[PDB]
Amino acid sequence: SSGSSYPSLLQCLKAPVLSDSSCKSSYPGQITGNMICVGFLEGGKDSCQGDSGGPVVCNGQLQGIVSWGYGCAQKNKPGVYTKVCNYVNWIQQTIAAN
């Protein structure tokens, strides 16, 4: 249930993976190798609170998990996503043993 602010209906957004240099420049001192920026440096389109944990899927592959950002859809503050292509072995080994 959507409560006081969330939408009832699932929302969709097309957005491109951003260069790591743009990601680090947007978030100086805050980007690790386990993070990728996806979205628009001009703002206006982004994920937001309540989206975390959800998918970023590119060419049929899960590449990102909604994680964090400064505000939502803010200029020069794109979404920051957990970099899934760092974790296939963690995922597969955890599933295999649990």
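Numbering starts at 1 and follows the sequence shown. Definition used throughout: the rigid core is the maximal C-alpha set that superposes within 1.5 Å between two forms.
Undergrad: Core-superposed in 4 other deposited structures of this protein, which stretch deviates more in Cα positions, 86 to 94 or 5 to 13?
TA: Checking 86 to 94 against 5 to 13 in 4 other deposited structures of this protein, I find the farther stretch is 5 to 13.
Undergrad: Per the PDB record, is the mean Cα temperature factor higher over 24 to 32 or over 59 to 67?
TA: Of 24 to 32 and 59 to 67, the stretch with the higher C-alpha B-factor average is 24 to 32.
Undergrad: Given the B-factors recorded for C-alpha atoms, which segment has the greater mean, 70 to 78 or 86 to 94?
TA: It is 70 to 78 that shows the higher mean C-alpha B-factor.
Undergrad: Report the third (lowest, middle or highest) to which the CA temperature factor of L13 belongs, ranking only the modelled residues of the same chain.
TA: It falls in the middle third of the chain.
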